[PDB]
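Student: Just so it is clear, I am handing over my_file_17.pdb, which has PDB, C-alpha atoms.
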ATOM      1  CA  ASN I   1       2.482   8.082 -30.622
ATOM      2  CA  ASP I   2      -0.808   6.718 -29.280
ATOM      3  CA  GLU I   3       0.990   4.431 -26.798
ATOM      4  CA  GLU I   4       2.364   7.475 -24.962
ATOM      5  CA  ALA I   5      -1.064   9.122 -25.240
ATOM      6  CA  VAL I   6      -2.579   6.025 -23.619
ATOM      7  CA  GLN I   7       0.190   6.168 -21.005
ATOM      8  CA  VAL I   8      -0.552   9.785 -20.048
ATOM      9  CA  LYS I   9      -4.315   9.194 -20.247
ATOM     10  CA  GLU I  10      -3.951   6.152 -17.971
ATOM     11  CA  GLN I  11      -1.956   8.195 -15.477
ATOM     12  CA  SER I  12      -4.786  10.703 -15.823
ATOM     13  CA  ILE I  13      -6.996   7.745 -14.838
ATOM     14  CA  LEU I  14      -4.836   7.066 -11.781
ATOM     15  CA  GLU I  15      -4.754  10.853 -11.310
ATOM     16  CA  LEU I  16      -8.515  11.475 -11.570
ATOM     17  CA  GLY I  17      -9.169   8.308  -9.578
ATOM     18  CA  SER I  18      -6.815   9.680  -6.925
ATOM     19  CA  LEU I  19      -8.493  13.094  -6.681
ATOM     20  CA  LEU I  20     -11.955  11.509  -6.749
ATOM     21  CA  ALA I  21     -10.855   9.133  -3.981
ATOM     22  CA  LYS I  22      -9.586  12.167  -2.061
ATOM     23  CA  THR I  23     -12.885  13.989  -2.615
ATOM     24  CA  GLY I  24     -14.729  10.797  -1.674
ATOM     25  CA  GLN I  25     -16.801  10.102  -4.780
ATOM     26  CA  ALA I  26     -18.432   6.664  -4.861
ATOM     27  CA  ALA I  27     -20.952   6.527  -7.714
ATOM     28  CA  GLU I  28     -18.660   8.575  -9.963
ATOM     29  CA  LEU I  29     -15.633   6.391  -9.226
ATOM     30  CA  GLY I  30     -17.822   3.289  -9.322
ATOM     31  CA  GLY I  31     -19.099   4.435 -12.698
ATOM     32  CA  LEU I  32     -15.608   5.306 -13.908
ATOM     33  CA  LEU I  33     -14.740   1.621 -14.325
ATOM     34  CA  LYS I  34     -17.816   1.490 -16.566
ATOM     35  CA  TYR I  35     -16.601   4.671 -18.288
ATOM     36  CA  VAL I  36     -13.225   3.117 -19.157
ATOM     37  CA  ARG I  37     -14.809  -0.027 -20.672
ATOM     38  CA  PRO I  38     -14.014   0.696 -24.386
ATOM     39  CA  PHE I  39     -10.598   2.137 -23.465
ATOM     40  CA  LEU I  40      -9.452  -1.135 -21.862
ATOM     41  CA  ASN I  41     -10.050  -2.873 -25.204
ATOM     42  CA  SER I  42      -7.566  -0.476 -26.833
ATOM     43  CA  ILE I  43      -4.775  -2.096 -24.776
ATOM     44  CA  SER I  44      -3.743  -5.536 -23.535
ATOM     45  CA  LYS I  45      -5.630  -7.572 -20.954
ATOM     46  CA  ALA I  46      -2.746  -7.427 -18.463
ATOM     47  CA  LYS I  47      -2.766  -3.641 -18.046
ATOM     48  CA  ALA I  48      -6.563  -3.705 -18.280
ATOM     49  CA  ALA I  49      -6.989  -6.353 -15.570
ATOM     50  CA  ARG I  50      -4.240  -4.826 -13.414
ATOM     51  CA  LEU I  51      -5.929  -1.432 -13.834
ATOM     52  CA  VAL I  52      -9.293  -2.905 -12.776
ATOM     53  CA  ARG I  53      -7.547  -4.341  -9.712
ATOM     54  CA  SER I  54      -6.086  -0.871  -9.087
ATOM     55  CA  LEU I  55      -9.326   1.140  -9.235
TER
END
Represent the supplied structure as structure tokens.

Tutor:
Amino acid sequence: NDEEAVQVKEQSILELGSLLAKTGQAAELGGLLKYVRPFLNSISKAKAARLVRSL
């Protein structure tokens, strides 16, 4: 289903955020929270807000 697709895409967000934090990207990772803006509306505000606190 789409919930598992959002789960693996969100761990691709933790994944890509991890490799961009390891490669030391600042404007890309700072713009990534702007890039995930419509995707946070596809899920609840708890995982969205917790994810914003994560990144």

Student: Could you tell me which residues the PyMOL selection byres ((chain I and resi 42) around 12) grabs in this file, written as a ChimeraX atom specification?

Tutor: /I:2-3,5-7,10,36-41,43-48

Student: Around segment 18-33 of chain I, with edges along x, y and z and 4 Å added on all six sides, what centre and edge lengths do you get, in Å to one decimal, as lines of an AutoDock Vina configuration file?

Tutor:
center_x = -13.9
center_y = 7.8
center_z = -8.0
size_x = 22.1
size_y = 20.4
size_z = 20.7

Student: I'd like the contact shell of segment 29-34 of chain I - 7 Å cut-off, all atoms listed in the file, skipping same-chain residues fewer than 3 positions apart - returned as a VMD selection string.

Tutor: chain I and resid 17 20 25 to 26 37

Student: Atom CA of residue 55 of chain I and atom CA of residue 14 of chain I, how far apart in Å?

Tutor: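 Going from atom CA of residue 14 of chain I over to atom CA of residue 55 of chain I covers 7.9 Å.
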
Student: For atom CA of residue 49 of chain I and atom CA of residue 19 of chain I, quote the distance in Å rounded to one decimal.

Tutor: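 Between these atoms lies a distance of 21.4 Å.
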
Student: Could you please determine the separation between atom CA of residue 24 of chain I and atom CA of residue 11 of chain I in Å, to one decimal place?

Tutor: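 Calculated distance between atom CA of residue 24 of chain I and atom CA of residue 11 of chain I is 19.0 Å.
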